[PDB]
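Student: What follows is a structure written as structure tokens; I'll ask about it next.
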Amino acid sequence: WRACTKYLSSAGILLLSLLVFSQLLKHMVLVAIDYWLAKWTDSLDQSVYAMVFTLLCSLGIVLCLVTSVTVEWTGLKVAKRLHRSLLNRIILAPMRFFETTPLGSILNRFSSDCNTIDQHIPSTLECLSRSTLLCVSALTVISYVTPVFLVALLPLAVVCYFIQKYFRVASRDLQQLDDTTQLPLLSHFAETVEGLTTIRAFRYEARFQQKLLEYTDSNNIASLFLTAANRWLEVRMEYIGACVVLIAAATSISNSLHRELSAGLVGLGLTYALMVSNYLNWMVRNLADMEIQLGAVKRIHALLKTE
Amino acid sequence: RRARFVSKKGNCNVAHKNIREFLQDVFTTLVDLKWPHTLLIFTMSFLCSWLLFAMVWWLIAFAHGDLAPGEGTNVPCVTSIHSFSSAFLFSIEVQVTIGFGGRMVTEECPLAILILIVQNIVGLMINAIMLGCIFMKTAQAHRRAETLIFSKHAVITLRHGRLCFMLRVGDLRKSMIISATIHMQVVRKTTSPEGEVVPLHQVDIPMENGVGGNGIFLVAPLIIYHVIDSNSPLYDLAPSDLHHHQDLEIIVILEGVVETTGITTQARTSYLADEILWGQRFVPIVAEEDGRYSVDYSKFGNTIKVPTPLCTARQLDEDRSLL
Amino acid sequence: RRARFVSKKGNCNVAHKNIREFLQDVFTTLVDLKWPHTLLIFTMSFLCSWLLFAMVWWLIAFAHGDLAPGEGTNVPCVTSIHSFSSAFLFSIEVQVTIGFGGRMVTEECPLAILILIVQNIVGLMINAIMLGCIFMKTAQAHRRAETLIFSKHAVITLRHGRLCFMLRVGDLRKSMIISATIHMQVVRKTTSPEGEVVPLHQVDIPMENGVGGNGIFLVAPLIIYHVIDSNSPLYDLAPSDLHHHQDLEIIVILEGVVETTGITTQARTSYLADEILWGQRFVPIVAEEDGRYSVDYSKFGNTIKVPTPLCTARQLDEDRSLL
Amino acid sequence: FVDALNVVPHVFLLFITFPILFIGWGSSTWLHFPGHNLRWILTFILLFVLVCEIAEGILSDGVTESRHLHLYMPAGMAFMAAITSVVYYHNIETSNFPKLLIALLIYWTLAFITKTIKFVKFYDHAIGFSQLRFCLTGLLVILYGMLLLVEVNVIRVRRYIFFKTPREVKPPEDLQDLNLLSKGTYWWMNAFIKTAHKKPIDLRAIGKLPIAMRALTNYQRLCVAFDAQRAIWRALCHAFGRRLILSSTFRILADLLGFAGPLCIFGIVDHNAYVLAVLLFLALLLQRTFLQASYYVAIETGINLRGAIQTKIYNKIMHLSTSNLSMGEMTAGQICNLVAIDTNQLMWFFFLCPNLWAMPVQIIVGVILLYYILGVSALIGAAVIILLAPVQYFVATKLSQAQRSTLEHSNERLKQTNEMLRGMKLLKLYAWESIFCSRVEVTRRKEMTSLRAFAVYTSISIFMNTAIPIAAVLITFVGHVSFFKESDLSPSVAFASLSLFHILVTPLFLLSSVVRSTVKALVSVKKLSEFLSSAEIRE
């Protein structure tokens with residue numbers, strides 16, 4: 001959580017807040033009046049439906065620019081800030097850590113967190129954006145769709161967050177295992193390259209090829225567990241998704257048309273409900289990937305703190 | 001197929017032909033039987049007695065003049081009784097103590113109060129004996145678990161420069177087996193120097209513990225471990241003689257009482273000569289793992305080849321003589 | 001946390017991973033279980049059978065034409081029967097032998113007399129097996145009292161110039177424990193000179209009484225008392241080696257039958273190496289007091305420091321060699 | 001005579017009756033008994049049947065006077081029963097020892113057939129309303145009974161012929177990691193994910209993959225079937241093709257009912273409400289699960305594929321002639337990046353490859369499946385939905401040169417950093433610590449340029465994405481308002497167009513990635529066969 005307090009401190013970040021929100025409401029309202037003005041016509045009004053089309057259009061274009069330009073502006077900004085600042089304050093220094101920490105204390109961030117900051121980080125922050133956009137978006141959309149959807153929420157949503165909760169340790173676990181298993185392969189291939197005369201000459205091939213098959217297996221079980229866990233995440237949280245579409249969308253059947261007579265709710269509620277369940281998936285993978293990105297910068301916090 | 005004494009799973013296969021006699025007794029045998037004969041045999045018994053008292057009340061009712069239906073000038077010996085089924089159902093009513101109450105008996109017919117009391121008493125008798133014995137059944141049966149187990153095959157070695165003959169035991173339940181000893185016999189063809197031949201003369205091999213001793217302590221698996229020494233009657237046999245021709249199935253007996261039952265029981269196996277083999281050894285079974293001890297029986301009998309002297313234990317008693 | 005074989009209170013903690021197999025049997029297991037599963041399991045059973053015969057009489061009553069209520073041109077197969085509850089309550093009436101008597105069956109419907117007799121028989125069966133087994137339950141359970149107890153920790157000394165290794169046992173009831181012996185084992189890592197390693201090879205230490213002997217006589221507490229001698233396999237270990245690194249948990253087994261039950265049972269403990277300590281000694285436990293003997297267990301394991309030779313029992317076998 | 005309908009309940013209710021006692025009273029070697037997975041699927045569809053029956057009941061009960069009818073429950077009891085039936089199958093087979101339990105199951109399966117017969121005399125009226133689902137259960141339950149017959153037809157459980165239990169041993173499981181329906185939804189990883197957090201995971205906790213997953217036998221069959229046969233694709237996909245196609249067709253059954261959302265949206269969009277609701281629930285479940293397990297099939301096949309690809313890599317590399325080191329370092333860095341890069345390329349392409357096969361079949365069915373053929377508000381907006389293809393793929397057309405551009409810049413920035421950073425006491429004593437910025441910022445200059453602009457060309461693309469859907473529907477929707485069918489606006493077509501817009505929207509972008517995967521895959525084939533033709537050492 002320190003990098004939000006630290007890295008994301010690289011800019012005026014609240015300036016990126018509201019505009020992104022100027023996206024979210026834009027979408028939600030865009031549906032709501034399409035949920036009303038259209039469905040209310042279903043219940044010169046065609047031109048009112050054109051009005052909703054207008055506000056939806058310009059809202060989507062305003063959200064459109066503000067989103068992307070906000071993103072690239074944020075990333076570039078933090079980049080020119082960070083690389084300059086860190087590298088500069090680091091360069092001039094005594095020799096203690098310069099002789100203490102064998103070059104793995106410097107080459108890491110610029111290699112990893114810099115180009116992977118541009119690469120990963122920028123598209124990531126956007127993923128958290130559209131992510132929680134879908135989160136709260138469904139929360140209030142369905143929250144409207146039922147006079148009480150918290151009856152549908154409390155144990156469902158809560159225990160959901162519990163599942164994902166124990167799931168993050170899986171993220172760091174597995175992906176840690178992959179990042180582990182990557183190195184020895186390129187250690188081996190290159191090795192046989194260097195000794196290309198050596199091993200063939202020395203009649204050791206067997207012990208070696210066996211060493212190959214080893215690293216193969218360890219690598220590929222690492223991956224198999226990785227994707228394994230992932231698709232576990234999707235399967236479950238999606239499944240409880242089917243729970244929320246069932247409970248909510250079904251519970252519509254009565255209070256809405258049977259009691260309120262409401263026809264102006266299920267029409268939106270079904271759509272946003274199911275697409276919300278599927279999107280919840282993207283939400284989880286987004287939060288995890290956001291953490292996996294934060295790892296690098298929180299590791300650059302060390303040389304940030306450096307003398 | 002040559003010689004069989006007890007089985008791989010260990011049942012004694014040897015039978016007995018025409019002893020001078022079936023083991024005259026009553027309820028010792030039923031319990032030792034299998035389920036179908038005990039269950040069937042009892043429900044058939046109830047049907048017997050039930051039938052009987054059924055018909056007796058049929059008759060006494062009948063010949064008493066009240067069974068042929070009429071109006072007035074009578075009191076029933078049992079109320080509303082009519083034909084075969086009527087009496088049947090009412091007797092069966094009294095045995096297991098139903099008592100619908102619709103049918104009824106009065107005090108009018110003295111032989112009836114008689115026949116009633118005698119029925120109830122003997123019926124309570126069959127109840128008693130039945131429940132008691134089947135109690136004794138679920139005590140122990142042919143399903144008595146031989147949880148102790150033993151190897152597909154066995155070997156020897158020289159431990160501490162001295163030849164030794166193994167076996168493995170085992171436990172199919174997590175529960176406790178306690179007060180567990182071992183007695184083990186050898187069967188082979190035997191003749192006197194004075195020329196009196198016997199079919200087999202059981203002779204002992206002691207299981208070598210500390211302080212002699214009959215038994216060892218089983219929760220964790222532990223190997224069984226003993227002597228071949230020229231004083232011990234098993235010292236003679238040759239490696240390449242026994243594994244083909246020489247007749248041995250070594251029999252082994254363990255006798256204990258499963259912790260919760262409070263009754264003794266046992267389990268059994270032997271080893272065919274061609275089965276008992278030379279110069280191999282048992283893999284380590286158990287290993288220390290995780291935060292505990294760890295045991296894998298998938299290896300239970302797994303085996304290795306060991307560089308151990310190939311010679312005849314009579315020539316390792318000639319080695320024990322020479323070196 | 002390093003090595004665990006059995007517990008301080010003495011349960012065997014070692015488990016078994018995937019033997020080649022659950023221990024196929026029927027009623028051996030239920031009794032070994034705990035109360036909730038046995039009680040619950042039976043009342044659930046009654047509910048099963050009860051449900052069944054309920055519905056069977058529901059049907060046979062129904063399809064017999066008498067269940068749909070009418071007037072005349074009929075005789076009931078069971079009196080006043082109507083809907084689900086009616087049959088339910090009447091079947092349950094017959095099983096445990098209630099018989100309100102308000103409801104009633106006649107002889108009219110032959111399949112009904114059939115279904116009745118078959119119900120009563122099998123129901124008496126479940127009655128039997130149930131009562132018998134739970135009998136066997138209150139025989140012994142997981143609550144079987146380990147009245148025998150044993151020290152928080154143990155020590156050694158030299159009695160009569162000869163090193164010795166104690167333990168204390170104990171009794172949590174005033175009642176009689178009789179026919180009580182002792183068998184005690186040692187677990188340590190062990191390897192052959194011929195190089196075959198085993199996880200642990202149980203080897204004996206005899207409890208030194210008079211005339212050898214397996215057991216001692218417990219009503220009053222009495223110390224357990226034995227040998228460390230270079231012939232006895234436990235002679236080697238060093239005082240300052242074992243108390244830290246050297247791996248020992250000495251296991252001790254006592255096997256007896258509590259006087260009134262007439263069934264065997266046991267109790268267990270080991271001692272962790274770091275637990276078993278050197279050169280201390282047990283306080284006098286008992287004392288002669290008032291008009292009687294007097295025993296205070298508040299001191300049960302209390303301990304003193306004794307000026308006894310600090311050396312390695314291998315160098316008291318080198319002392320046993322030198323002096 | 002309704003004694004028939006209720007007379008169906010007796011058998012099933014009894015089947016639970018004995019079972020609950022047995023399993024309850026029961027209160028670790030996994031295995032697979034007879035045909036299993038077949039009986040698993042048959043069981044699943046069966047549960048679907050039984051739950052559907054509650055719909056017919058839920059229809060009949062409302063119309064009838066004096067509250068709910070007696071007949072409505074009988075189905076209920078059944079659908080409760082069969083559920084547990086599978087469960088006793090679970091605690092039996094998984095516990096092996098199929099002596100009595102299998103028998104009992106044979107009993108229940110039998111006593112069904114009488115109830116089915118009761119439907120057979122109920123046969124007098126052929127409409128099908130309840131009849132179709134009912135006799136449908138006739139065929140179903142019966143075929144299941146034949147399945148248990150097959151259970152006699154492999155292991156031969158029963159006392160017949162004293163064959164006992166031939167061919168009895170467990171699959172080769174000793175170290176292993178640490179059933180079908182539970183397995184599909186990933187129930188097996190629960191211990192791994194809890195004991196996972198027990199203490200953070202270590203290489204000791206993970207252990208060798210199984211034999212059939214073992215890289216050895218992988219390269220084994222790969223190499224024989226390959227040797228049983230230049231351009232290898234024929235050979236590779238003709239080696240793993242079984243699992244490949246197996247992935248494919250299941251993926252298309254998952255995808256095709258991906259439409260499940262839309263049609264249900266139309267149905268409840270009408271106002272038979274509740275029935276349509278629940279059916280939609282089960283629908284969603286089946287769809288989601290199937291799709292995910294599809295992803296499993298894909299990536300999995302991937303793990304095997306790439307894994308053996310390595311075996312071929314070094315396996316040919318060493319056994320080849322060394323004189324090609326005349327090529328040397330180029331084969332070092334490049335041919336290394338063949339395994340490292342070109343491998344991950346390859347297995348990625350194979351992984352998404354069934355999505356390539358089926359992807360169009362979903363698409364075209366996507367546009368066409370949209371209700372609203374008569375009015376031209378469909379192929380227009382949806383023709384935008386297709387019109388986003390060159391948007392993405394062209395966004396690649398500007399993406400690549402950006403990526404390899406940042407690659408060329410990164411060589412300079414990284415190289416200069418690694419060069420200036422080492423001896424910094426030597427460059428400090430030389431007293432510069434100044435023109436490093438000329439060594440950096442000037443390096444950063446281009447690195448700030450080529451980078452910056454790229455991100456712009458990068459982010460703009462994503463923006464168009466968020467622009468396309470909101471504009472596509474609305475305008476299209478609004479278009480209908482002006483264009484044709486002006487008389488009535490219907491909610492059905494509306495929210496329907498929403499959902500189909502979402503699902504159909506997914507595969508377009510997916511393909512837009514897929515093309516790059518097919519291309520890089522091809523080049524991988526090229527350099528791969530190139531490694532094949534390399535100089536061989538005489539043995």
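Ligands are numbered from 1 in the order shown, chains are lettered A, B, ... in the order of the structure tokens, and residues start at 1 in each chain.
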Could you list, as a list in words, the residues of chain D having an atom within 12 Å of chain B when counting only C-alpha atoms?

Tutor: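 Written out as asked, the residues are residues 28, 29, 169, 170, 171, 172, 173, 174, 175, 178, 204 and 205 of chain D.
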
Student: Keeping only C-alpha atoms, write those residues as a CSV table (one decimal), in the first residue's frame.

Tutor:
```csv
chain,number,residue,atom,x,y,z
D,28,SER,CA,-6.9,-42.7,1.5
D,29,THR,CA,-6.2,-44.2,-1.9
D,169,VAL,CA,-4.3,-52.0,-8.4
D,170,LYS,CA,-4.1,-48.2,-8.0
D,171,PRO,CA,-2.8,-45.8,-10.6
D,172,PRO,CA,0.9,-44.9,-10.1
D,173,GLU,CA,0.4,-42.5,-7.1
D,174,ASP,CA,3.1,-42.3,-4.4
D,175,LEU,CA,4.5,-38.8,-4.2
D,178,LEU,CA,1.5,-33.6,-2.1
D,204,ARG,CA,9.4,-29.0,-1.1
D,205,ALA,CA,5.6,-28.6,-1.1
```

Student: Using only C-alpha atoms, find which residues of chain C lie within 6 Å of chain B and jot them down as a VMD selection string.

Tutor: chain C and resid 14 16 to 17 19 to 20 97 99 101 104 107 128 132 193 198 to 199 204 263 to 264

Student: Those residues with N, CA, C and O atoms, as a compact mmCIF listing (two decimals), in the first residue's frame please?

Tutor:
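Wrote it out as result22.txt, contents follow:
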```txt
# COMPACT_ATOMS: atom_id res chain seq x y z
N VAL C 14 2.03 -40.79 15.49
CA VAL C 14 2.47 -41.15 14.16
C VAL C 14 1.30 -41.72 13.37
O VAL C 14 0.52 -42.54 13.86
N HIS C 16 -0.32 -42.89 9.24
CA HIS C 16 -0.01 -43.78 8.13
C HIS C 16 -0.51 -43.17 6.83
O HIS C 16 -1.68 -42.80 6.72
N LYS C 17 0.36 -43.10 5.84
CA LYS C 17 -0.02 -42.50 4.56
C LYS C 17 -0.20 -43.57 3.50
O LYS C 17 0.76 -44.25 3.11
N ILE C 19 -1.76 -46.75 2.78
CA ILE C 19 -1.51 -48.16 2.63
C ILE C 19 -2.36 -48.66 1.46
O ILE C 19 -3.31 -48.00 1.03
N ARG C 20 -2.01 -49.84 0.96
CA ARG C 20 -2.42 -50.32 -0.35
C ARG C 20 -3.93 -50.48 -0.52
O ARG C 20 -4.36 -50.84 -1.63
N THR C 97 -43.42 -51.50 19.73
CA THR C 97 -44.54 -52.11 20.45
C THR C 97 -45.24 -51.09 21.36
O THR C 97 -45.13 -51.13 22.59
N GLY C 99 -48.95 -49.88 20.30
CA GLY C 99 -50.30 -50.36 20.26
C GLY C 99 -51.30 -49.51 21.02
O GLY C 99 -51.81 -49.98 22.04
N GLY C 101 -54.18 -49.16 20.24
CA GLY C 101 -55.38 -49.96 20.17
C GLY C 101 -56.54 -49.27 19.48
O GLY C 101 -57.45 -49.96 19.00
N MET C 104 -56.67 -50.22 14.31
CA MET C 104 -56.65 -51.67 14.38
C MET C 104 -56.58 -52.27 12.98
O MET C 104 -57.05 -51.67 12.01
N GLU C 107 -58.02 -59.36 9.79
CA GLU C 107 -57.44 -60.44 9.01
C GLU C 107 -57.80 -60.34 7.54
O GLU C 107 -57.46 -61.24 6.77
N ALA C 128 -32.15 -55.69 18.52
CA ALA C 128 -31.12 -56.57 19.03
C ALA C 128 -29.73 -56.00 18.76
O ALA C 128 -29.03 -55.60 19.70
N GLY C 132 -27.20 -54.73 21.80
CA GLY C 132 -25.98 -55.48 21.99
C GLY C 132 -24.74 -54.63 21.79
O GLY C 132 -23.83 -54.61 22.63
N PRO C 193 26.49 -52.43 10.68
CA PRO C 193 27.84 -52.39 10.10
C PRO C 193 27.85 -52.86 8.67
O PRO C 193 28.70 -52.44 7.88
N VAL C 198 17.48 -48.58 9.09
CA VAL C 198 16.05 -48.72 9.32
C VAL C 198 15.56 -47.43 9.97
O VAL C 198 16.38 -46.69 10.53
N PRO C 199 14.28 -47.10 9.89
CA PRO C 199 13.82 -45.85 10.52
C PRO C 199 14.03 -45.86 12.02
O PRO C 199 14.57 -44.91 12.59
N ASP C 204 14.95 -53.92 23.27
CA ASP C 204 14.40 -54.05 24.61
C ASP C 204 15.35 -53.45 25.63
O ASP C 204 16.57 -53.49 25.46
N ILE C 263 -11.93 -56.69 30.85
CA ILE C 263 -11.38 -56.52 29.52
C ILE C 263 -10.05 -55.78 29.63
O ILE C 263 -9.90 -54.86 30.44
N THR C 264 -9.10 -56.17 28.79
CA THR C 264 -7.79 -55.56 28.80
C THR C 264 -7.87 -54.14 28.26
O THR C 264 -8.83 -53.77 27.58
```

Student: Determine, counting only C-alpha atoms, which protein, DNA and RNA residues have an atom within 8 Å of an atom of range 302-308 of chain D; residues of the same chain fewer than 5 positions away are not included. Present the result as a CSV table (one decimal) with N, CA, C and O atoms, in the first residue's frame.

Tutor:
```
chain,number,residue,atom,x,y,z
A,216,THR,N,12.9,-28.9,-16.9
A,216,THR,CA,11.7,-28.9,-17.6
A,216,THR,C,10.5,-29.2,-16.6
A,216,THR,O,9.7,-28.3,-16.5
A,217,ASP,N,10.5,-30.3,-16.0
A,217,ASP,CA,9.4,-30.7,-15.1
A,217,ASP,C,9.1,-29.6,-14.1
A,217,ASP,O,8.0,-29.2,-13.9
A,220,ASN,N,7.5,-26.6,-15.6
A,220,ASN,CA,6.2,-26.7,-16.2
A,220,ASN,C,5.1,-27.1,-15.2
A,220,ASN,O,3.9,-26.8,-15.4
A,223,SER,N,4.2,-23.6,-14.0
A,223,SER,CA,3.2,-23.0,-14.8
A,223,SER,C,1.8,-23.6,-14.6
A,223,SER,O,0.8,-23.0,-14.4
A,224,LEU,N,1.8,-25.0,-14.6
A,224,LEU,CA,0.5,-25.7,-14.5
A,224,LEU,C,-0.3,-25.3,-13.2
A,224,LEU,O,-1.5,-25.1,-13.3
D,213,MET,N,1.9,-36.8,-17.1
D,213,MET,CA,2.3,-35.4,-17.3
D,213,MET,C,3.9,-35.3,-17.4
D,213,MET,O,4.4,-34.2,-17.6
D,215,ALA,N,7.6,-35.1,-18.6
D,215,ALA,CA,8.1,-34.7,-19.8
D,215,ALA,C,8.7,-35.8,-20.6
D,215,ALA,O,8.8,-35.8,-21.9
D,216,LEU,N,9.2,-36.9,-19.9
D,216,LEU,CA,9.9,-38.0,-20.6
D,216,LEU,C,8.9,-38.6,-21.6
D,216,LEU,O,9.1,-38.5,-22.8
D,218,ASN,N,6.3,-37.7,-22.6
D,218,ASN,CA,5.8,-36.7,-23.6
D,218,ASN,C,6.7,-36.8,-24.8
D,218,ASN,O,6.2,-37.1,-25.9
D,219,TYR,N,8.0,-36.4,-24.6
D,219,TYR,CA,8.9,-36.5,-25.7
D,219,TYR,C,8.9,-37.9,-26.3
D,219,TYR,O,9.2,-38.1,-27.5
D,222,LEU,N,5.8,-38.2,-28.6
D,222,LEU,CA,6.0,-37.2,-29.6
D,222,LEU,C,7.0,-37.7,-30.6
D,222,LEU,O,6.9,-37.5,-31.8
D,240,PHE,N,-0.4,-34.7,-30.7
D,240,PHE,CA,-1.3,-34.2,-29.6
D,240,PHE,C,-2.7,-33.9,-30.1
D,240,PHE,O,-3.5,-33.5,-29.3
D,343,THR,N,9.6,-20.6,-28.1
D,343,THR,CA,8.7,-21.6,-27.4
D,343,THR,C,7.5,-20.9,-26.9
D,343,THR,O,6.4,-21.2,-27.3
D,344,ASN,N,7.6,-19.9,-26.0
D,344,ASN,CA,6.4,-19.3,-25.4
D,344,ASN,C,5.5,-18.7,-26.5
D,344,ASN,O,4.2,-18.8,-26.3
D,346,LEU,N,5.1,-20.3,-29.4
D,346,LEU,CA,4.5,-21.5,-29.9
D,346,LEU,C,3.3,-22.0,-28.9
D,346,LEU,O,2.2,-22.1,-29.3
D,347,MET,N,3.7,-22.2,-27.6
D,347,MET,CA,2.7,-22.7,-26.7
D,347,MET,C,1.5,-21.8,-26.5
D,347,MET,O,0.4,-22.1,-26.2
D,348,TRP,N,1.8,-20.5,-26.6
D,348,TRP,CA,0.8,-19.5,-26.5
D,348,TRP,C,-0.2,-19.7,-27.7
D,348,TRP,O,-1.4,-19.7,-27.6
D,350,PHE,N,-0.7,-22.3,-29.6
D,350,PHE,CA,-1.5,-23.5,-29.5
D,350,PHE,C,-2.6,-23.3,-28.4
D,350,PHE,O,-3.7,-23.8,-28.6
D,351,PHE,N,-2.2,-22.6,-27.4
D,351,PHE,CA,-3.2,-22.4,-26.3
D,351,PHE,C,-4.4,-21.7,-26.8
D,351,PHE,O,-5.6,-22.1,-26.6
```

Student: Can you tell me, as a list in words, what residues are no more than 12 Å from residue 241 in chain B when counting only C-alpha atoms, ignoring any on the same chain fewer than 6 positions away?

Tutor: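 Everything that qualifies: residues 247, 248, 273, 274, 276, 277, 278, 311, 312, 313 and 314 of chain B.
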
Student: Fewer than 6 positions away in the same chain doesn't count, so skip those; otherwise give me all residues within 10 Å of range 287-296 of chain A, counting only C-alpha atoms, as an NGL selection string.

Tutor: :A and (1-4 or 7 or 108-109 or 112-114 or 116-117 or 120-128 or 131-132 or 164 or 167-172 or 175-176)

Student: Next, the residues of the selection above should be written as a compact mmCIF listing (two decimals), in the first residue's frame with N, CA and C atoms.

Tutor:
```txt
# COMPACT_ATOMS: atom_id res chain seq x y z
N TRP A 1 0.83 -1.19 0.00
CA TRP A 1 0.00 0.00 0.00
C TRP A 1 0.87 1.24 0.00
N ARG A 2 2.18 1.04 0.15
CA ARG A 2 3.08 2.17 0.32
C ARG A 2 3.29 2.94 -0.97
N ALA A 3 3.22 2.25 -2.12
CA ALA A 3 3.50 2.89 -3.40
C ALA A 3 2.41 3.87 -3.81
N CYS A 4 1.14 3.54 -3.58
CA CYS A 4 0.11 4.55 -3.71
C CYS A 4 0.49 5.78 -2.90
N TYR A 7 4.74 5.97 -4.83
CA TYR A 7 4.79 6.09 -6.29
C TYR A 7 3.68 6.99 -6.80
N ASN A 108 18.18 -3.61 -11.25
CA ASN A 108 16.85 -4.21 -11.19
C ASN A 108 15.74 -3.26 -11.61
N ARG A 109 15.63 -2.10 -10.97
CA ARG A 109 14.51 -1.21 -11.22
C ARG A 109 14.49 -0.74 -12.67
N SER A 112 13.68 -3.78 -14.72
CA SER A 112 12.33 -4.27 -14.45
C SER A 112 11.31 -3.15 -14.34
N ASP A 113 11.38 -2.37 -13.26
CA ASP A 113 10.27 -1.49 -12.91
C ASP A 113 10.13 -0.29 -13.84
N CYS A 114 11.14 0.00 -14.66
CA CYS A 114 11.07 1.18 -15.52
C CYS A 114 10.32 0.83 -16.81
N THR A 116 9.02 -2.05 -17.45
CA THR A 116 7.83 -2.76 -17.00
C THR A 116 6.89 -1.82 -16.25
N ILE A 117 7.40 -0.65 -15.85
CA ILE A 117 6.50 0.38 -15.34
C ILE A 117 5.69 0.97 -16.48
N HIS A 120 3.74 -2.49 -18.01
CA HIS A 120 2.72 -3.02 -17.11
C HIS A 120 1.93 -1.94 -16.40
N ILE A 121 2.62 -1.05 -15.69
CA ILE A 121 1.99 -0.17 -14.71
C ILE A 121 0.89 0.66 -15.35
N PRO A 122 1.15 1.30 -16.48
CA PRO A 122 0.12 2.20 -17.04
C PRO A 122 -1.16 1.48 -17.42
N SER A 123 -1.06 0.39 -18.17
CA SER A 123 -2.25 -0.38 -18.51
C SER A 123 -2.88 -0.98 -17.27
N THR A 124 -2.11 -1.13 -16.20
CA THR A 124 -2.62 -1.71 -14.97
C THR A 124 -3.54 -0.73 -14.26
N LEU A 125 -3.02 0.46 -13.91
CA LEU A 125 -3.86 1.47 -13.28
C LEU A 125 -5.19 1.61 -14.00
N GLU A 126 -5.16 1.57 -15.34
CA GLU A 126 -6.40 1.58 -16.11
C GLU A 126 -7.25 0.35 -15.80
N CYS A 127 -6.60 -0.80 -15.58
CA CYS A 127 -7.36 -2.01 -15.29
C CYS A 127 -8.04 -1.92 -13.93
N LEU A 128 -7.36 -1.34 -12.95
CA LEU A 128 -8.02 -1.06 -11.69
C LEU A 128 -9.17 -0.09 -11.89
N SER A 131 -11.98 -1.70 -13.69
CA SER A 131 -12.31 -2.71 -12.70
C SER A 131 -13.30 -2.20 -11.66
N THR A 132 -12.84 -1.34 -10.76
CA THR A 132 -13.72 -0.87 -9.69
C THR A 132 -14.90 -0.11 -10.27
N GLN A 164 -11.31 -14.22 -2.46
CA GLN A 164 -10.22 -13.51 -3.12
C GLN A 164 -9.11 -13.24 -2.11
N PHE A 167 -6.94 -15.84 -1.75
CA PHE A 167 -6.44 -16.12 -3.09
C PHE A 167 -5.21 -15.29 -3.45
N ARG A 168 -5.07 -14.10 -2.88
CA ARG A 168 -3.90 -13.28 -3.21
C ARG A 168 -2.60 -13.96 -2.81
N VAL A 169 -2.58 -14.62 -1.64
CA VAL A 169 -1.39 -15.36 -1.21
C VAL A 169 -1.05 -16.43 -2.24
N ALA A 170 -2.08 -16.96 -2.89
CA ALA A 170 -1.85 -17.85 -4.02
C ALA A 170 -1.18 -17.12 -5.17
N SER A 171 -1.67 -15.92 -5.48
CA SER A 171 -1.05 -15.15 -6.55
C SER A 171 0.44 -15.03 -6.32
N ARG A 172 0.80 -14.35 -5.23
CA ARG A 172 2.21 -14.15 -4.92
C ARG A 172 2.95 -15.48 -4.88
N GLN A 175 2.99 -17.17 -8.90
CA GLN A 175 3.80 -16.32 -9.75
C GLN A 175 5.23 -16.20 -9.24
N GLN A 176 5.41 -16.18 -7.91
CA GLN A 176 6.74 -16.29 -7.35
C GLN A 176 7.42 -17.56 -7.84
```

Student: Determine which residues of chain A sit within 6 Å of chain D, taking into account only C-alpha atoms, and present them as number ranges by chain.

Tutor: A: 42, 64, 68, 220, 246

Student: Quote the spacing between CA of residue 56 in chain B and CA of residue 94 in chain C in Å to one decimal place.

Tutor: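 Separation of CA of residue 56 in chain B and CA of residue 94 in chain C: 24.0 Å.
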
Student: Using DSSP on the backbone, list every residue of range 44-162 of chain D that comes out as helix (DSSP H, G or I), and give them as a VMD selection string.

Tutor: chain D and resid 44 to 63 72 to 93 100 to 124 129 to 152 160 to 162

Student: Could you check the closest approach to residue 516 in chain D for each of D:435, D:111, D:352, D:157 and tell me which residue wins, using only C-alpha atoms?

Tutor: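 The answer is D:352, which sits nearest to residue 516 in chain D.
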
Student: For residue 66 in chain A, find every residue with an atom within 8 Å (counting only C-alpha atoms), except residues of its own chain fewer than 5 positions away, and show them as a list in words.

Tutor: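 The residues satisfying every condition are residues 19, 20 and 23 of chain A.
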